[PDB]
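Student: Contents of entry.cif (mmCIF, C-alpha atoms and all ligand atoms) are below:
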```cif
data_work
loop_
_atom_site.label_atom_id
_atom_site.label_comp_id
_atom_site.auth_asym_id
_atom_site.auth_seq_id
_atom_site.Cartn_x
_atom_site.Cartn_y
_atom_site.Cartn_z
CA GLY P 83 -72.71 187.03 217.24
CA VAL P 84 -74.87 184.63 219.40
CA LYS P 85 -78.21 182.91 218.46
CA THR P 86 -81.59 184.46 219.43
CA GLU P 87 -83.61 182.23 221.84
CA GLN P 88 -85.88 180.92 218.96
CA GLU P 89 -82.66 180.18 216.87
CA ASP P 90 -81.37 178.26 219.97
CA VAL P 91 -84.66 176.29 220.46
CA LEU P 92 -84.34 175.44 216.67
CA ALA P 93 -80.61 174.47 217.05
CA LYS P 94 -81.68 172.03 219.85
CA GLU P 95 -84.46 170.40 217.72
CA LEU P 96 -81.90 170.08 214.82
CA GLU P 97 -79.69 167.96 217.16
CA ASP P 98 -82.19 165.14 216.21
CA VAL P 99 -81.29 165.58 212.44
CA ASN P 100 -79.54 162.12 212.41
CA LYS P 101 -82.63 160.30 213.93
CA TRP P 102 -85.74 158.66 212.39
CA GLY P 103 -88.82 160.73 213.59
CA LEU P 104 -87.25 164.21 213.86
CA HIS P 105 -89.95 166.72 215.01
CA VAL P 106 -90.12 168.16 211.44
CA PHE P 107 -93.41 170.17 211.97
CA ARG P 108 -91.83 171.86 215.07
CA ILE P 109 -88.66 172.71 213.05
CA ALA P 110 -91.02 174.24 210.39
CA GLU P 111 -92.63 176.36 213.19
CA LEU P 112 -89.36 177.37 214.92
CA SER P 113 -87.66 178.26 211.55
CA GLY P 114 -90.52 180.62 210.43
CA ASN P 115 -91.56 178.05 207.75
CA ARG P 116 -88.03 177.56 206.53
CA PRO P 117 -87.70 173.62 207.40
CA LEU P 118 -86.14 172.76 203.96
CA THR P 119 -83.44 175.47 204.23
CA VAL P 120 -82.44 174.85 207.89
CA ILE P 121 -82.46 171.05 207.45
CA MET P 122 -80.53 171.16 204.09
CA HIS P 123 -77.98 173.63 205.66
CA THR P 124 -77.51 171.41 208.73
CA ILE P 125 -77.01 168.26 206.55
CA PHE P 126 -74.57 170.04 204.16
CA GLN P 127 -72.45 171.25 207.18
CA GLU P 128 -72.59 167.81 208.90
CA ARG P 129 -71.53 165.91 205.69
CA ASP P 130 -68.93 168.70 204.99
CA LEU P 131 -70.50 169.16 201.52
CA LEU P 132 -69.68 172.94 201.37
CA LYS P 133 -65.86 172.30 201.58
CA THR P 134 -65.99 169.16 199.34
CA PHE P 135 -67.94 170.94 196.52
CA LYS P 136 -66.53 174.46 197.28
CA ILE P 137 -70.12 175.80 197.69
CA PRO P 138 -70.08 179.45 198.94
CA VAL P 139 -72.34 179.50 202.02
CA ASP P 140 -74.36 182.60 200.90
CA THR P 141 -74.99 180.88 197.49
CA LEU P 142 -76.23 177.79 199.41
CA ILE P 143 -78.63 179.86 201.58
CA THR P 144 -79.84 181.95 198.56
CA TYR P 145 -80.60 178.80 196.48
CA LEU P 146 -82.24 176.97 199.46
CA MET P 147 -84.51 179.98 200.30
CA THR P 148 -85.32 180.29 196.59
CA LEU P 149 -86.03 176.51 196.33
CA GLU P 150 -88.22 176.48 199.49
CA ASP P 151 -90.25 179.52 198.21
CA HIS P 152 -91.05 177.54 195.00
CA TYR P 153 -92.87 174.95 197.18
CA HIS P 154 -96.58 176.03 197.59
CA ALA P 155 -97.47 177.11 201.18
CA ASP P 156 -101.21 176.71 200.14
CA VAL P 157 -100.76 172.94 199.43
CA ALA P 158 -101.25 170.80 202.58
CA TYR P 159 -99.00 167.77 201.78
CA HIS P 160 -96.66 168.37 198.72
CA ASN P 161 -95.01 171.46 200.29
CA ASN P 162 -91.62 172.45 201.77
CA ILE P 163 -92.25 170.44 204.98
CA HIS P 164 -92.63 167.20 202.95
CA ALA P 165 -89.47 168.19 200.98
CA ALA P 166 -87.56 168.72 204.28
CA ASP P 167 -88.83 165.35 205.63
CA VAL P 168 -87.72 163.39 202.51
CA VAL P 169 -84.32 165.21 202.65
CA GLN P 170 -83.87 164.29 206.36
CA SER P 171 -85.19 160.70 205.84
CA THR P 172 -82.77 160.20 202.85
CA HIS P 173 -80.00 161.59 205.13
CA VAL P 174 -80.71 158.88 207.80
CA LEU P 175 -80.98 156.07 205.16
CA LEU P 176 -77.52 157.13 203.71
CA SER P 177 -76.05 156.67 207.29
CA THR P 178 -77.26 152.99 207.56
CA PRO P 179 -74.40 150.61 208.63
CA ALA P 180 -74.96 148.31 205.57
CA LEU P 181 -74.00 151.31 203.27
CA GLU P 182 -71.00 152.69 205.30
CA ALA P 183 -68.45 154.11 202.78
CA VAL P 184 -70.37 152.60 199.77
CA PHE P 185 -71.38 155.97 198.16
CA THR P 186 -69.12 158.75 196.90
CA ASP P 187 -69.63 162.40 198.02
CA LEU P 188 -71.14 163.16 194.52
CA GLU P 189 -73.60 160.22 194.96
CA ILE P 190 -74.48 161.62 198.44
CA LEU P 191 -74.92 165.19 197.05
CA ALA P 192 -77.17 163.68 194.26
CA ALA P 193 -79.45 161.77 196.72
CA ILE P 194 -79.80 164.80 199.06
CA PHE P 195 -80.21 167.41 196.22
CA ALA P 196 -82.71 165.01 194.52
CA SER P 197 -84.69 164.81 197.81
CA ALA P 198 -84.72 168.63 198.27
CA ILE P 199 -86.08 169.34 194.72
CA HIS P 200 -88.18 166.13 194.24
CA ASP P 201 -91.67 167.78 194.64
CA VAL P 202 -90.82 171.53 193.96
CA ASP P 203 -93.75 173.65 192.56
CA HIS P 204 -96.24 170.75 193.22
CA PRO P 205 -99.73 172.23 192.54
CA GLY P 206 -101.37 169.69 194.98
CA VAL P 207 -103.04 167.50 192.28
CA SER P 208 -101.87 164.26 190.55
CA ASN P 209 -100.38 163.48 187.14
CA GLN P 210 -103.75 161.88 186.13
CA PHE P 211 -105.60 165.09 187.18
CA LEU P 212 -103.18 167.28 185.12
CA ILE P 213 -103.46 164.91 182.12
CA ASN P 214 -107.34 164.81 182.36
CA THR P 215 -107.61 168.68 182.73
CA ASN P 216 -105.51 169.30 179.55
CA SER P 217 -103.17 171.35 181.86
CA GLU P 218 -100.14 173.18 180.38
CA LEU P 219 -97.73 170.89 182.45
CA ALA P 220 -99.31 167.71 180.94
CA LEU P 221 -98.96 169.25 177.41
CA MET P 222 -95.32 170.33 178.08
CA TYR P 223 -94.28 166.79 179.20
CA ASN P 224 -96.43 164.88 176.64
CA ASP P 225 -98.33 163.31 179.62
CA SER P 226 -95.21 161.40 180.81
CA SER P 227 -94.10 161.69 184.52
CA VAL P 228 -95.57 165.18 184.24
CA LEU P 229 -94.97 166.45 187.81
CA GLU P 230 -91.60 164.64 188.20
CA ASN P 231 -90.30 166.24 184.95
CA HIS P 232 -91.50 169.69 186.20
CA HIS P 233 -89.90 169.26 189.70
CA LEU P 234 -86.56 168.51 187.97
CA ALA P 235 -86.81 171.43 185.46
CA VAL P 236 -87.68 173.87 188.31
CA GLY P 237 -85.01 172.52 190.73
CA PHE P 238 -82.36 173.01 188.01
CA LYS P 239 -83.72 176.32 186.57
CA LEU P 240 -83.53 177.95 190.06
CA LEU P 241 -79.65 177.56 189.99
CA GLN P 242 -79.63 180.50 187.47
CA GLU P 243 -81.28 182.85 190.05
CA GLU P 244 -79.01 185.68 191.37
CA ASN P 245 -76.28 183.95 193.49
CA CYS P 246 -78.07 180.54 193.35
CA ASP P 247 -75.58 178.36 191.39
CA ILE P 248 -74.48 176.03 194.24
CA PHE P 249 -72.66 173.85 191.60
CA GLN P 250 -70.58 176.78 190.20
CA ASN P 251 -67.20 175.20 191.32
CA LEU P 252 -67.93 171.63 190.06
CA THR P 253 -66.09 170.46 186.89
CA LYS P 254 -68.18 169.73 183.78
CA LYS P 255 -67.60 165.98 184.54
CA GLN P 256 -68.93 166.39 188.12
CA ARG P 257 -72.03 168.35 186.92
CA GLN P 258 -72.88 165.91 184.08
CA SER P 259 -72.66 162.95 186.53
CA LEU P 260 -74.55 164.79 189.33
CA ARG P 261 -77.32 165.95 186.87
CA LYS P 262 -77.87 162.43 185.41
CA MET P 263 -78.12 160.84 188.89
CA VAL P 264 -80.50 163.62 190.11
CA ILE P 265 -82.73 163.14 187.05
CA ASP P 266 -82.69 159.30 187.47
CA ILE P 267 -83.58 159.60 191.21
CA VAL P 268 -86.49 162.13 190.85
CA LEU P 269 -88.02 160.39 187.77
CA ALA P 270 -88.00 157.25 189.97
CA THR P 271 -90.37 159.06 192.40
CA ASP P 272 -93.23 158.67 189.88
CA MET P 273 -95.50 155.98 191.47
CA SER P 274 -96.07 154.38 188.01
CA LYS P 275 -92.38 153.27 188.39
CA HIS P 276 -92.91 151.67 191.88
CA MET P 277 -93.50 148.02 190.72
CA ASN P 278 -90.43 148.04 188.36
CA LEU P 279 -88.21 149.66 191.08
CA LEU P 280 -89.41 147.11 193.73
CA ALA P 281 -88.83 144.18 191.27
CA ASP P 282 -85.24 145.41 190.64
CA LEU P 283 -84.62 145.87 194.42
CA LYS P 284 -86.05 142.29 195.03
CA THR P 285 -83.68 140.96 192.23
CA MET P 286 -80.83 142.91 194.00
CA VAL P 287 -81.70 141.26 197.41
CA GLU P 288 -81.73 137.75 195.75
CA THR P 289 -78.29 138.40 193.96
CA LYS P 290 -77.08 140.38 197.07
CA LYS P 291 -73.23 140.36 197.20
CA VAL P 292 -71.40 141.73 200.32
CA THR P 293 -67.85 143.14 200.82
CA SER P 294 -64.84 142.36 203.17
CA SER P 295 -67.04 144.13 205.83
CA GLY P 296 -70.87 143.49 206.07
CA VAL P 297 -71.25 146.43 203.60
CA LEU P 298 -73.14 146.05 200.26
CA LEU P 299 -71.01 145.70 197.05
CA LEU P 300 -72.32 147.72 194.04
CA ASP P 301 -69.79 147.73 191.17
CA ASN P 302 -71.89 149.23 188.27
CA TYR P 303 -74.01 152.42 187.73
CA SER P 304 -77.18 150.27 187.23
CA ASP P 305 -76.85 148.90 190.78
CA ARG P 306 -75.61 152.08 192.50
CA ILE P 307 -78.40 154.29 190.98
CA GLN P 308 -81.08 151.57 191.65
CA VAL P 309 -80.17 151.64 195.38
CA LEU P 310 -80.20 155.49 195.43
CA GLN P 311 -83.52 155.53 193.46
CA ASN P 312 -85.13 153.01 195.91
CA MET P 313 -83.59 154.89 198.94
CA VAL P 314 -85.26 158.23 198.04
CA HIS P 315 -88.49 156.38 197.02
CA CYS P 316 -88.41 154.79 200.57
CA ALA P 317 -87.85 158.31 202.06
CA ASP P 318 -90.79 159.64 199.95
CA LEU P 319 -93.06 156.75 201.25
CA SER P 320 -91.62 156.88 204.82
CA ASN P 321 -94.64 158.56 206.57
CA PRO P 322 -96.17 155.28 207.87
CA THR P 323 -92.71 154.26 209.30
CA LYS P 324 -92.69 157.38 211.53
CA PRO P 325 -94.14 157.68 215.09
CA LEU P 326 -97.95 157.95 214.88
CA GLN P 327 -97.93 161.58 216.11
CA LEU P 328 -96.07 162.31 212.79
CA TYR P 329 -97.78 159.74 210.48
CA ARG P 330 -101.24 161.07 211.51
CA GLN P 331 -100.27 164.68 210.66
CA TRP P 332 -99.12 163.50 207.19
CA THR P 333 -102.35 161.48 206.62
CA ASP P 334 -104.52 164.57 207.50
CA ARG P 335 -102.46 166.59 205.03
CA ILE P 336 -102.61 164.04 202.16
CA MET P 337 -106.42 163.72 202.81
CA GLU P 338 -106.93 167.55 202.65
CA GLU P 339 -105.00 167.59 199.34
CA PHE P 340 -106.88 164.46 198.07
CA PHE P 341 -110.39 165.73 199.23
CA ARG P 342 -109.58 169.12 197.61
CA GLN P 343 -108.59 167.33 194.32
CA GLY P 344 -111.83 165.40 195.06
CA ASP P 345 -113.75 168.74 195.35
CA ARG P 346 -112.33 170.10 192.03
CA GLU P 347 -112.97 166.59 190.41
CA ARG P 348 -116.77 166.95 191.17
CA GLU P 349 -117.73 170.31 189.45
CA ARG P 350 -115.26 169.29 186.60
CA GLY P 351 -116.71 165.69 186.61
CA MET P 352 -113.90 163.65 184.93
CA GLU P 353 -114.97 161.21 187.76
CA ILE P 354 -113.48 161.00 191.35
CA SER P 355 -110.05 159.35 192.06
CA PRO P 356 -108.96 156.28 194.11
CA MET P 357 -110.54 156.88 197.62
CA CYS P 358 -110.32 160.72 197.06
CA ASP P 359 -113.99 161.22 198.20
CA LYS P 360 -114.83 162.77 201.66
CA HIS P 361 -118.06 160.72 201.23
CA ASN P 362 -117.85 157.00 200.16
CA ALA P 363 -114.11 157.17 201.10
CA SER P 364 -112.71 155.96 204.51
CA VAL P 365 -109.22 157.11 205.79
CA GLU P 366 -108.32 154.03 207.92
CA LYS P 367 -108.84 151.43 205.12
CA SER P 368 -107.02 153.74 202.61
CA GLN P 369 -103.96 153.67 205.03
CA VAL P 370 -104.14 149.86 205.59
CA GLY P 371 -104.44 149.26 201.78
CA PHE P 372 -101.47 151.66 201.15
CA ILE P 373 -99.30 149.88 203.77
CA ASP P 374 -100.25 146.29 202.65
CA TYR P 375 -99.95 146.91 198.86
CA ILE P 376 -97.14 149.59 198.55
CA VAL P 377 -95.26 150.65 201.71
CA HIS P 378 -94.73 147.28 203.53
CA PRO P 379 -93.52 145.30 200.47
CA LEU P 380 -91.09 148.23 199.72
CA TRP P 381 -89.80 148.73 203.29
CA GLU P 382 -89.58 144.91 203.88
CA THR P 383 -87.41 144.53 200.70
CA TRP P 384 -85.31 147.57 201.80
CA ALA P 385 -85.08 145.95 205.32
CA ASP P 386 -83.79 142.71 203.59
CA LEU P 387 -81.15 144.72 201.59
CA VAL P 388 -79.67 146.44 204.74
CA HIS P 389 -80.53 143.62 207.29
CA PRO P 390 -80.72 144.18 210.18
CA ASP P 391 -80.41 148.02 210.05
CA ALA P 392 -84.11 148.71 209.21
CA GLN P 393 -85.66 146.37 211.90
CA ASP P 394 -86.97 149.20 214.22
CA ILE P 395 -88.39 151.10 211.17
CA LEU P 396 -90.27 147.98 209.88
CA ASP P 397 -91.67 147.31 213.44
CA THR P 398 -93.00 150.93 213.66
CA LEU P 399 -94.68 150.39 210.26
CA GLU P 400 -96.31 147.11 211.48
CA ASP P 401 -97.55 148.79 214.75
CA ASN P 402 -98.95 151.77 212.75
CA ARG P 403 -100.71 149.28 210.37
CA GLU P 404 -102.16 147.32 213.36
CA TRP P 405 -103.19 150.73 214.82
CA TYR P 406 -105.15 151.87 211.66
CA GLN P 407 -106.58 148.26 211.36
CA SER P 408 -107.87 148.38 215.03
CA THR P 409 -109.69 151.75 214.35
CA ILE P 410 -111.97 150.35 211.52
CA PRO P 411 -115.66 150.39 212.68
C1 LIG J 501 -104.92 154.19 198.54
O1 LIG J 501 -104.07 155.06 199.28
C2 LIG J 501 -104.54 156.30 199.59
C3 LIG J 501 -105.72 156.75 199.02
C4 LIG J 501 -106.19 158.00 199.34
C5 LIG J 501 -105.49 158.80 200.21
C6 LIG J 501 -104.31 158.36 200.76
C7 LIG J 501 -103.83 157.11 200.47
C8 LIG J 501 -102.55 156.62 201.10
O2 LIG J 501 -102.01 157.70 201.87
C9 LIG J 501 -100.88 158.27 201.39
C10 LIG J 501 -100.69 158.22 200.03
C11 LIG J 501 -99.55 158.77 199.46
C12 LIG J 501 -99.38 158.69 198.02
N1 LIG J 501 -100.10 157.82 197.46
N2 LIG J 501 -99.92 158.15 196.15
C13 LIG J 501 -100.86 157.60 195.15
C14 LIG J 501 -102.25 157.75 195.74
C15 LIG J 501 -103.31 156.88 195.12
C16 LIG J 501 -103.13 155.40 195.36
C17 LIG J 501 -102.13 155.07 196.46
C18 LIG J 501 -100.68 155.24 196.04
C19 LIG J 501 -100.48 156.17 194.88
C20 LIG J 501 -98.90 159.06 195.97
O3 LIG J 501 -98.41 159.40 194.93
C21 LIG J 501 -98.47 159.55 197.35
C22 LIG J 501 -97.00 159.22 197.65
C23 LIG J 501 -98.76 161.04 197.56
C24 LIG J 501 -98.60 159.36 200.28
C25 LIG J 501 -98.77 159.41 201.65
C26 LIG J 501 -99.90 158.87 202.22
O4 LIG J 501 -100.17 158.86 203.55
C27 LIG J 501 -99.29 159.56 204.40
MG MG J 502 -93.63 163.57 193.85
ZN ZN J 503 -92.80 163.47 197.48
#
```
Please re-express this file's structure in structure tokens.

Tutor:
Amino acid sequence: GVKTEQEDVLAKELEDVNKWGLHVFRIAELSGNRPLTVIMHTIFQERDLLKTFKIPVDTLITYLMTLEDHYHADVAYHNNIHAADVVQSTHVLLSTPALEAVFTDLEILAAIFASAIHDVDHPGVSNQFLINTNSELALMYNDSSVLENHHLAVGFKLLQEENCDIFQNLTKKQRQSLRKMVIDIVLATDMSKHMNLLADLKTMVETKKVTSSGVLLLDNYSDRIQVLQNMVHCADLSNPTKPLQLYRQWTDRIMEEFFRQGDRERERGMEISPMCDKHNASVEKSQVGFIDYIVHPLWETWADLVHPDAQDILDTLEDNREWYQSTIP
């Protein structure tokens, strides 16, 4: 009834679960490619979610193994490691001092479940690709947030798998509320929603009210869900805020995926996609553009909302940006 040595080496890495820049690739290795399951299980136990939602532990493991196995191992970026990373990054953002005791357990379960399922069964190509190839998914979702709609439908459908209904003890009221929030969060991961989300977060920072403590006040669904939507969106776009050893691994992976969409886009023609070309397409400028135009304005606005909790994260992003800038020949 004691851990194996590999289980123990894994238990020791998972002690970093509450820290920005967890060695997520190492956890993936030590767990036998089970990062999503071991990280979700650790977070559920730490936030006491099994007792609060009366989730049988074997049901939780069954669902999490099932969920992880619906991520594609043959997709370099949008796989179970990315899922694990966004789960663990959302977990750290939820622990930020500016949000202490703001969110209910159901809101916490929604953000973490949303993060776990947010890219499930990703085929490793974009919405535009699926629309332009006349793919079944694009036809199913009438070309609207195609992948995001699929990730939701899969994440929920998997609850019907033998001993996979982790929500089996929630009331109808709990499940309707949980489901709506989970849908709202994942749909918000569609990049076509980024500018509207960032605008609403900027509006929120301008109108920012604060409580008896230094803790944010959010007194309506609109505001509560907007913060959770932008939190998970920040987690999803958190790669350039990580130590460079991590960021670089993620960039290689997104480039493999993008170059391979690039490869398929050539013999199919439709025309190549924003800097998705191993030829006239440079990695270092693509990262500096991404940080300047998307990641920095998002993480700066987030940093404003929870000031000063996100200072170290924003610094790491600015160093990483200066790093990629410096490497441009
Ligand atoms: C112009 O930037 C890029 C061009 C080509 C290769 C890579 C990039 C930036 O590197 C990353 C990009 C993304 C994404 N970017 N996008 C798309 C892509 C096209 C336009 C840029 C934003 C919208 C996404 O949906 C995700 C979240 C997968 C995620 C992690 C990245 O690095 C770790
Ligand atoms: Mg996605
Ligand atoms: Zn994602």

Student: From the set P:326, P:352, P:175, P:212, which residue has the shortest atom-to-atom contact distance to residue P:311, counting all atoms listed in the file?

Tutor: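 So, comparing all the options, the nearest one is P:175.
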
Student: If I put a ball of radius 12 Å at (-107.2, 170.2, 200.6) in the file's coordinates, which residues poke into it when counting all atoms listed in the file, written as a PDB file with C-alpha atoms, in the frame of the given file?

Tutor:
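Output contents, as saved in part07.pdb:
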```pdb
ATOM      1  CA  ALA P 155     -97.470 177.110 201.180  1.00  0.00           C
ATOM      2  CA  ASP P 156    -101.210 176.710 200.140  1.00  0.00           C
ATOM      3  CA  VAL P 157    -100.760 172.940 199.430  1.00  0.00           C
ATOM      4  CA  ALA P 158    -101.250 170.800 202.580  1.00  0.00           C
ATOM      5  CA  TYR P 159     -99.000 167.770 201.780  1.00  0.00           C
ATOM      6  CA  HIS P 160     -96.660 168.370 198.720  1.00  0.00           C
ATOM      7  CA  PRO P 205     -99.730 172.230 192.540  1.00  0.00           C
ATOM      8  CA  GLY P 206    -101.370 169.690 194.980  1.00  0.00           C
ATOM      9  CA  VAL P 207    -103.040 167.500 192.280  1.00  0.00           C
ATOM     10  CA  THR P 333    -102.350 161.480 206.620  1.00  0.00           C
ATOM     11  CA  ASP P 334    -104.520 164.570 207.500  1.00  0.00           C
ATOM     12  CA  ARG P 335    -102.460 166.590 205.030  1.00  0.00           C
ATOM     13  CA  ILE P 336    -102.610 164.040 202.160  1.00  0.00           C
ATOM     14  CA  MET P 337    -106.420 163.720 202.810  1.00  0.00           C
ATOM     15  CA  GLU P 338    -106.930 167.550 202.650  1.00  0.00           C
ATOM     16  CA  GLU P 339    -105.000 167.590 199.340  1.00  0.00           C
ATOM     17  CA  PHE P 340    -106.880 164.460 198.070  1.00  0.00           C
ATOM     18  CA  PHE P 341    -110.390 165.730 199.230  1.00  0.00           C
ATOM     19  CA  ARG P 342    -109.580 169.120 197.610  1.00  0.00           C
ATOM     20  CA  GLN P 343    -108.590 167.330 194.320  1.00  0.00           C
ATOM     21  CA  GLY P 344    -111.830 165.400 195.060  1.00  0.00           C
ATOM     22  CA  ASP P 345    -113.750 168.740 195.350  1.00  0.00           C
ATOM     23  CA  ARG P 346    -112.330 170.100 192.030  1.00  0.00           C
ATOM     24  CA  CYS P 358    -110.320 160.720 197.060  1.00  0.00           C
ATOM     25  CA  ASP P 359    -113.990 161.220 198.200  1.00  0.00           C
ATOM     26  CA  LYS P 360    -114.830 162.770 201.660  1.00  0.00           C
TER      27      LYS P 360
END
```

Student: Name each residue within 8 Å of ligand MG 502 (chain J), counting all atoms listed in the file, as a list in words.

Tutor: residues 160, 200, 201, 204, 229, 230, 233, 268, 271, 272 and 318 of chain P

Student: Report, in Å with one decimal, the straight-line distance from atom CA of residue P:121 to atom CA of residue P:253.

Tutor: 26.3 Å

Student: Atom CA of residue P:399 and atom CA of residue P:378, how far apart in Å?

Tutor: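 Taking atom CA of residue P:378 and atom CA of residue P:399, their separation equals 7.4 Å.
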